[PDB]
Amino acid sequence: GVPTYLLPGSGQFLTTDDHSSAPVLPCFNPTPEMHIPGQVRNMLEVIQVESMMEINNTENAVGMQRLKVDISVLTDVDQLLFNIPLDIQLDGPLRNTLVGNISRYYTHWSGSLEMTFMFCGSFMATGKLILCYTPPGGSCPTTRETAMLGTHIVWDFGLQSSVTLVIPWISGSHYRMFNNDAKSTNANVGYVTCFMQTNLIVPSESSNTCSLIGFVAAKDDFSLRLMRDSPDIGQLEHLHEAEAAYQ
Amino acid sequence: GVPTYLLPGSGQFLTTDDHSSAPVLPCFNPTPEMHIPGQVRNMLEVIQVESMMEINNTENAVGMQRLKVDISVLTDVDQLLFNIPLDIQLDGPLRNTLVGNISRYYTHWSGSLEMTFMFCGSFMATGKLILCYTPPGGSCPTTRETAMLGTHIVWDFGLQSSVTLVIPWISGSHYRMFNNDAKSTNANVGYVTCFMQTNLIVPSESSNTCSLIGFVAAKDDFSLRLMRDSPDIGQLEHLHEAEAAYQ
Amino acid sequence: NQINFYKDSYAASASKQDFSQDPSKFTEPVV
Amino acid sequence: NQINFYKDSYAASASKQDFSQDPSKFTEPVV
Amino acid sequence: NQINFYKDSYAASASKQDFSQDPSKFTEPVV
Amino acid sequence: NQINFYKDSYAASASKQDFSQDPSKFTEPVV
Amino acid sequence: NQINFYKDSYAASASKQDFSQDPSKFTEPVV
Amino acid sequence: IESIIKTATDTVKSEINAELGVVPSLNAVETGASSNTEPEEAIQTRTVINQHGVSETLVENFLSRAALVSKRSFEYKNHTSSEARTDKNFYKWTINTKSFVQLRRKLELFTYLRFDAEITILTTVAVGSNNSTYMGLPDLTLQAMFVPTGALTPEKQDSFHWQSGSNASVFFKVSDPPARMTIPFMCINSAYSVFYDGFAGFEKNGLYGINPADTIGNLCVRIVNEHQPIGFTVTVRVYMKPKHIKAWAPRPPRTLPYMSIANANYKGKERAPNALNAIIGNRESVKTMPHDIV
Amino acid sequence: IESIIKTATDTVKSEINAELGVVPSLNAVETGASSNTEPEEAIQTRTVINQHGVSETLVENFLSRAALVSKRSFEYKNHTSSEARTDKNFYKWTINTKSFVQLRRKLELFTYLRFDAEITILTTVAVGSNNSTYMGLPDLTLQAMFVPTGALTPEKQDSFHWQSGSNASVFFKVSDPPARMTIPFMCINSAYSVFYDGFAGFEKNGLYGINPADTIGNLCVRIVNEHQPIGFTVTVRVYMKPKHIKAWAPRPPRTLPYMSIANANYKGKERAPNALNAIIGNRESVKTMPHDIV
């Protein structure tokens, strides 16, 4: 009541503080809510939705060619089709996703990462893909027999034309840090290495250079703590129409 | 409520204050507790565990020889084997223990000090040790007949090979101060003087220079008040990787 | 835990208690 | 005696009331 | 929502709760 | 309406509530 | 009248309520 | 639907589920996001009770961070003597969500956003470089007046529009806690359309993306005190904390660097990452692992 | 077990307990700590009711003392003019428990520590020695932004990373109470491993003892106000008070003086006490009493 002593954290401006502040209009009734579709009350509602991974990630791939990986008819078995680093908080193919860009607003993340690959070839293009998420601790597997020891799934294209490799949550800690080092135990996640299983067979009148679009989402076991500023965006200079919103 | 007057202790930064301060993340859920073994909720859980006293405390004793005292086959009876000053808050053989180093984070201490001596000789090495804690007020007893008038225990080695001289809590005050003077009534504790009782007899093929490791712990009657900075550690200069944790 | 002493409901604390979420709007917008 | 007016349980006062202690974890870790 | 701790009723908060209104004084001042 | 948090009764708010008055002490000091 | 919001009993207000007194300790220390 | 879940959901124990005729991991991306969960296929999971944090990653808690929206450093001197365009001890700032790319990108994850803006104004005084001597930092009382969008804004420090008889103004000192106020959700529509695929006026010459409904207003910030003989760079930093967030239609995050406050025009960096032709920094090949453990 | 004792335990009356076949003081150190209590043997105790203090020596109360973790004195002037490595009106400090040996040794009694860090920032302004004149202490608003470990940290005072749209920042004046905030227990593991017998990365070239999980973050502390013509040594002292302490696996206290923040490397003093070959200051002999009463 009347005897009040100021705390050491009094008079400061915390960014994440939640104290109620003063109104400016003393009797402002806002316009009432209408049912706008898609009410978003948590980030997990955006997190578990699929989003294209930048699997190609190569300088010859310009724009549209980056979001797909061109899988071709190989003349020999047991080649690496592609390998995806699963640093969802570091720059990589998982960075330009919903889960990557939104998790880069956080330092600590947890949960299984679903990764759905949709075969965007012809109907007559047949082939089995083996997708192996390898837990961290060793190198990225460039050979299939070193890869299938991890979390591997075998996928025949068929009528469904898409698979979901669910990357499980195997870690010593409850969460994984960002920490700006992809070699760390609490930051390295594993490697999703996709290989030919029984080769991609296309007809001669279908395109040999078939294409695959991969996605990463998560499940409802995902979680995020220690909110931070995302390094995806950055302001080195005051943009256009700033200092023209002041004049 | 609205009428609030600032106290004289308002706006200050107390080190030991317990007021609730602002969060920085407004909805941070921490990772849930796992049952890590050995949950420590009080210092007495660490206090009553034994810890080696630096009984030798001599310049020829280097490292390993300091934590044991070399008791030898004496040719004559009624010699002082060793005498331990029980200043648990001042530099001495009880300083480098759990109870000494942890109690030096406090100025006031109380409670009985258990002191367990384990005979680390051979099985065939036989001998009786008389361990006498002398209450303060006089000199340290260099002779046994002046020592056994205090709290003395007679210990035959046998099969158990360890004894516990419990130093009782006899003091005028409820607590004993640190006060940086070992001569004071409220700081001097007593002297644990260990003597030969019936001499240490070893065979010729066993080592004559037997060794004894002493420990001090406490009981559940121990207590600590007036927390202070421990003088065991000290910073005269900013350490390495400081100013490299800033760069 | 709310010290909303002002007369407007919009002036209150940031209500970080809307734990209800429906991901099937955006994950499974079918049938 | 607690003036925790913030919405986070981690922002509360230093809970100096955990008087439960088990020294037999560290004193007598046997049998 | 009122922190009127003073002894005068005129010192209170601005009472923005007088929702009763009669527009027929000024709109329809007839019959 | 009183925020007297001190232990003395003389330290309280100015008690402007002594509405009892007797003007007949000074107006009609007779019979 | 006590605004002791801290967790220590020694941090409270100056308890000027110990009205119990025994002068016969010092006035009449006999029989 | 009807999920009022407060933590991450726990997984159940999964055995060998080799059942013919059903396959969970085979899904259709051509419908939406897939429903193949962890104990369904591709892993033989264990029952781990998930007590992980959800309240921190609430969209409320995601967007209730007080981030900078107006850092303006204006000089405080005899501006009336000889100045032409610069801020004459006062600035009218059109309150936009788009001035600083951090909170701009944070609110631009969603198409629609109903929130009250906890505007906190932290104003700092520095001595300008012309004086080159400290001589103490003065205690400056500043008026921040919220003018509606398009209404009459002041033109001077003593412009007689600072009376604030109907406009809402806050007076705050620099030797004080920062000015905490709550601008209401004042949009004429039921959310702030953070993006606007339309034009303001019914004429064809309107500006694209500037809906005046989602324009919050104009913070006219002035020094109430008259001019000192010493000029002072008053750097007023308005941080807006969006509170009581209700969000609608989530969007791709902005990957390319922002160019303009008004529109969503794009120009990436001269090489990847965040480039126009390559949002992600390029690897050597599809088969090449960056930061591989060796 | 199941002891919810709140004071020191009282001793009971002990008589002559010369019983054959049992002896309490004879114990085995080769099992653990001994259970021979005071009324059991070696003393004929009396029943004294022990009402002694326990709440002060609680591990909570032991470690809930706000001790210094970051004393950085950085100059506040035109650093952009000519400086190379020094702190350009701002410093990013990696929040470590190890910068000051007092609280370092206090938290290093335990292997594991779950706590929320009540960070209190007490910032003092002094005039630098180049100016050699007081001219008043300015009221400086400072921003301390908690950046996650490894995330993008600012490079300038006006670096446009200080918007704090998602990062949590506290703005606080020097003519104010010190900035009291509570950094959460944000470790990805269920305690801060104060010691780490391992390496950060899966490569063999990692740093020993630096688990990024137990690295709390990066306090980037800057002056929000622009530069004054007078330079000022701003000594910012971050004191961390560890609160809601849950401690695990207690350890030997650090006896030798600390050498490095990163590791537990050891080098004692050139003579005892706290020397490498002799932690305790040496006596003359085993039979010699230091500070004996004469």
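All chains are named by letter (A, B, ...) in the order of the sequence lines, taking the proteins before the strands, and each is independently numbered beginning at 1.
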K.L.:
Between D:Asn4 and B:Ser20, which heavy-atom pair has the shortest distance, and what is it?
P.N.:
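Minimum heavy-atom contact is CA-OG, 3.5 Å.
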K.L.:
Apply side-chain contact (heavy atoms from CB on, under 4.5 Å) to residues A:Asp87 and A:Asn188 and explain how you reach the verdict.
P.N.:
CA-CA 7 Å; A:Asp87 44 33; A:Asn188 204 237; 5.9 Å; no
K.L.:
Any side-chain heavy atom of A:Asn96 within less than 4.5 Å of one from A:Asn101?
P.N.:
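Of all side-chain heavy-atom pairs linking A:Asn101 with A:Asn96, at least one is under 4.5 Å.
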K.L.:
Starting from the C-alpha separation in whole Å, work towards a yes-or-no answer on side-chain contact (heavy atoms from CB on, under 4.5 Å) for A:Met52 and A:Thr97.
P.N.:
CA-CA 6 Å; A:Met52 281 144 260; A:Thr97 46; 5.9 Å; no
K.L.:
Quick one: does any side-chain atom of A:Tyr106 pair with a main-chain N or O of A:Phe178 as donor and acceptor, under 3.5 Å?
P.N.:
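No; zero donor-acceptor contacts below 3.5 Å.
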K.L.:
Assign the ring pair I:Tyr208 / I:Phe199 to parallel, tilted or perpendicular, where the plane angle (0 to 90°) is split at 30° and 60°.
P.N.:
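If you compare the ring of I:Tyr208 with that of I:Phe199, the planes turn out tilted.
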K.L.:
Centres of the D:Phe5 and A:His19 rings: under 6.0 Å?
P.N.:
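They do not qualify: ring centres at least 6.0 Å apart.
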K.L.:
I'd like to check A:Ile84 versus A:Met115 (side-chain heavy atoms, cut-off strictly below 4.5 Å). Are they in contact?
P.N.:
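A side-chain contact under 4.5 Å exists here.
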K.L.:
With no hydrogens and no angle check, do the side chains of I:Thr182 and B:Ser21 hold a donor and an acceptor under 3.5 Å apart?
P.N.:
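Checked: I:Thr182/B:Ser21 side chains pair up, N/O donor to acceptor below 3.5 Å.
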K.L.:
Looking at I:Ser55 and D:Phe19, what are the two nearest heavy atoms and their distance?
P.N.:
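I:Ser55 and D:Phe19 have their closest heavy atoms at CB-CZ, 3.6 Å.
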K.L.:
So which heavy atom on C:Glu28 is nearest to which on H:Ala33, and how close?
P.N.:
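Taking C:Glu28 first and H:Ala33 second, the nearest heavy atoms are OE1-O, 3.6 Å.
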K.L.:
Does a donor on one side chain and an acceptor on the other come within less than 3.5 Å for A:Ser184 and A:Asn186?
P.N.:
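Yes.
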K.L.:
Heavy atoms only: give me the nearest I:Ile183-I:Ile95 pair and the separation to one decimal.
P.N.:
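That would be CD1-CD1, 3.8 Å.
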K.L.:
Would you please indicate yes or no on a ring centroid separation below 6.0 angstrom for D:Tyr10 and I:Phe185?
P.N.:
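Ring centres of D:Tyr10 and I:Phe185 not closer than 6.0 Å.
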K.L.:
Tell me whether the rings of H:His52 and A:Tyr175 are parallel (<30°), tilted (30 to 60°) or perpendicular (>60°).
P.N.:
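Tilted: the ring planes of H:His52 and A:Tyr175 meet at 30° to 60°.
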K.L.:
Hey, is the main chain of H:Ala28 close enough, under 3.5 Å, to the side chain of A:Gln160 for a donor-acceptor pair?
P.N.:
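A pair under 3.5 Å: no.
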K.L.:
What verdict does the side-chain contact (heavy atoms from CB on, under 4.5 Å) test give for A:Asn179 and I:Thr215, after you've listed the backbone C-alpha separation in whole Å, the side-chain angles of each residue and the deciding distance to 0.1 Å?
P.N.:
CA-CA 9 Å; A:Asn179 91 0; I:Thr215 300; over 6 Å; no
K.L.:
With side chain to side chain donor-acceptor pair (under 3.5 Å) as the criterion, how do C:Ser13 and A:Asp18 come out once you've worked through the C-alpha distance, each side chain's angles and the decisive distance to 0.1 Å?
P.N.:
CA-CA 6 Å; C:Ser13 72; A:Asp18 90 332; 4.8 Å; no
K.L.:
So if I apply the side-chain contact (heavy atoms from CB on, under 4.5 Å) rule between D:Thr27 and each of B:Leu44, B:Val46, B:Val49, which one comes out positive?
P.N.:
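Testing D:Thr27 for a side-chain contact (heavy atoms from CB on, under 4.5 Å) against B:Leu44, B:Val46, B:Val49 leaves exactly one candidate, B:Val49.
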K.L.:
What's the spacing between A:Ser112 OG and A:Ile167 CD1 if we round to 0.5 Å?
P.N.:
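CD1 of A:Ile167 is found 9.0 Å from OG of A:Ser112.
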K.L.:
Any salt bridge linking H:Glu38 with A:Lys219? Criterion: basic side-chain nitrogen under 4.0 Å from a carboxylate oxygen.
P.N.:
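Salt bridge between H:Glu38 and A:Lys219, a charged N being under 4.0 Å from a carboxylate O: no.
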K.L.:
Can you tell me how far the OG1 atom of B:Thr31 sits from the CD atom of H:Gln51, to the nearest 0.5 Å?
P.N.:
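It comes to 8.5 Å.
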K.L.:
CG/C:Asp18 to CG/A:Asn42 distance, rounded to the nearest 0.5 angstrom?
P.N.:
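It is 9.5 Å, given to the nearest 0.5 Å.
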K.L.:
Taking C-beta and beyond as the side chain, do H:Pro250 and H:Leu109 meet within less than 4.5 Å on heavy atoms?
P.N.:
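Answer no - side chains too far apart.
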K.L.:
Is it the case that the side chain of H:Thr11 and the backbone of H:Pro39 share a donor-acceptor pair, with hydrogens and angles ignored and the cut-off at 3.5 Å?
P.N.:
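Checking the backbone N and O of H:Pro39 against the side chain of H:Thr11, no donor-acceptor pair under 3.5 Å is found.
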K.L.:
Could you tell me whether the side chain of I:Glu60 reaches within less than 4.5 Å of the side chain of D:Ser15, counting heavy atoms only?
P.N.:
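Yes; the side chains approach each other to less than 4.5 Å.
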K.L.:
Under the 3.5 angstrom rule, does the side chain of A:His108 hit a backbone N or O of I:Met186 as a donor-acceptor pair?
P.N.:
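Yes, because the side chain of A:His108 sits within donor-acceptor range (under 3.5 Å) of the backbone of I:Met186.
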K.L.:
Does any donor atom in the side chain of H:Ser34 or A:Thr164 lie under 3.5 Å from an acceptor atom in the other side chain?
P.N.:
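Per modelled atom types, H:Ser34 and A:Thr164 side chains form a pair under 3.5 Å.
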K.L.:
Cut-off 3.5 Å, side chains only: do A:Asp221 and H:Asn50 have a donor facing an acceptor?
P.N.:
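Note: A:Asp221 and H:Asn50 side chains miss the donor-acceptor criterion.
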K.L.:
Check whether any side-chain heavy atom of A:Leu226 sits under 4.5 Å from a side-chain heavy atom of B:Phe28, and report yes or no.
P.N.:
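Heavy-atom side-chain distance check passes, below 4.5 Å.
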K.L.:
So A:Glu114 and A:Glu50, side-chain contact (heavy atoms from CB on, under 4.5 Å) or not? Walk me through it.
P.N.:
CA-CA 8 Å; A:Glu114 104 181 84; A:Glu50 273 135 53; 3.3 Å; yes
K.L.:
Specify the closest pair of heavy atoms between A:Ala147 and A:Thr134, including all atoms of both residues, with the distance to one decimal.
P.N.:
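Smallest interatomic distance, heavy atoms only, reads O-OG1, 4.2 Å.
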K.L.:
Would you say that more than 12 heavy atoms from the other residues, nucleotides or ligands in this model lie under 6.0 Å from the OH of I:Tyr112, or not?
P.N.:
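No, OH of I:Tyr112 has 12 or fewer neighbouring heavy atoms, counting only those of other groups under 6.0 Å.
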K.L.:
Are the side chain of A:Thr185 and the backbone of I:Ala200 linked by a donor-acceptor contact shorter than 3.5 Å?
P.N.:
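Yes, A:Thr185 side chain to I:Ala200 backbone: donor-acceptor pair under 3.5 Å.
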K.L.:
Measuring from I:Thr111:OG1 to I:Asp197:CG, what's the distance to the nearest 0.5 Å?
P.N.:
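The CG atom of I:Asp197 is 10.5 Å from OG1 of I:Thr111, to the nearest 0.5 Å.
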K.L.:
How far does OH of D:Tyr6 sit from CG of C:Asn1, to the nearest 0.5 angstrom?
P.N.:
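Taking OH in D:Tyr6 and CG in C:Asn1, the distance rounds to 12.0 Å.
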K.L.:
Is the side chain of D:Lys25 donor-acceptor paired with the backbone N or O of B:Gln39 at a distance under 3.5 Å, no angle test?
P.N.:
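Present.
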K.L.:
Quick one: does any side-chain atom of H:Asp292 pair with a main-chain N or O of A:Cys140 as donor and acceptor, under 3.5 Å?
P.N.:
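Judged by distance alone, yes, a pair lies under 3.5 Å.
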K.L.:
Please tell me if the side chains of A:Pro168 and A:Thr151 come closer than 4.5 Å, counting only heavy atoms from C-beta onward.
P.N.:
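In short, these two side chains touch, coming nearer than 4.5 Å.
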K.L.:
Under 3.5 Å, is there a donor-acceptor pair between the side chain of B:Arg41 and the main chain of D:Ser20?
P.N.:
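Yes, the answer is positive, given that a donor and an acceptor are paired below the 3.5 Å cut-off.
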K.L.:
Rounded to the nearest 0.5 Å, what separates atom CE in A:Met53 from atom CD1 in A:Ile88?
P.N.:
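Going from the CE atom of A:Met53 to the CD1 atom of A:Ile88 covers 12.5 Å.
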K.L.:
Taking the side chain as every heavy atom from C-beta outward, state whether A:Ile170 and A:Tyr133 have any pair of such atoms under 4.5 Å apart.
P.N.:
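A:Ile170 reaches A:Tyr133 side chain to side chain.
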K.L.:
Closer than 3.5 angstrom, by distance alone: can the side chain of A:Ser51 be matched with the main-chain N or O of A:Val216 as a donor-acceptor pair?
P.N.:
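Yes, because the side chain of A:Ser51 sits within donor-acceptor range (under 3.5 Å) of the backbone of A:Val216.
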K.L.:
Is it the case that the side chains of I:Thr97 and I:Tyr192 hold a donor-acceptor pair, with the cut-off being a distance below 3.5 Å and no angle test?
P.N.:
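No.
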K.L.:
Looking at A:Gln89 and A:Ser103, would you say the former's side chain and the latter's main chain have a donor-acceptor pair under 3.5 Å?
P.N.:
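Yes: the side chain of A:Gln89 pairs with the backbone of A:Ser103.
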K.L.:
Show the nearest heavy-atom pair for residues H:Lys243 and C:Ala14, with the distance to one decimal.
P.N.:
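Closest approach of H:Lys243 to C:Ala14: CB-CB, 4.2 Å.
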K.L.:
Using side-chain heavy atoms (C-beta onward) and a distance below 4.5 Å, is H:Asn17 in contact with H:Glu40?
P.N.:
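Sidechains of H:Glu40 and H:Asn17: no contact.
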K.L.:
Do D:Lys16 and I:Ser64 have side-chain N/O donor and acceptor atoms under 3.5 Å apart?
P.N.:
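Note: D:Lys16 and I:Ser64 side chains miss the donor-acceptor criterion.
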K.L.:
Should the pair A:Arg176 and A:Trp169 be classed as cation-pi, given the thresholds of under 6.0 Å to the six-membered ring centre and 45° from the axis?
P.N.:
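Judged by the rule, A:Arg176 and A:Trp169 form a cation-pi pair.
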K.L.:
In terms of ring plane angle, is the pair H:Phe110 and H:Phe62 parallel, tilted or perpendicular, where the classes change at 30° and 60°?
P.N.:
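Ring orientation, 0 to 90° scale: perpendicular.
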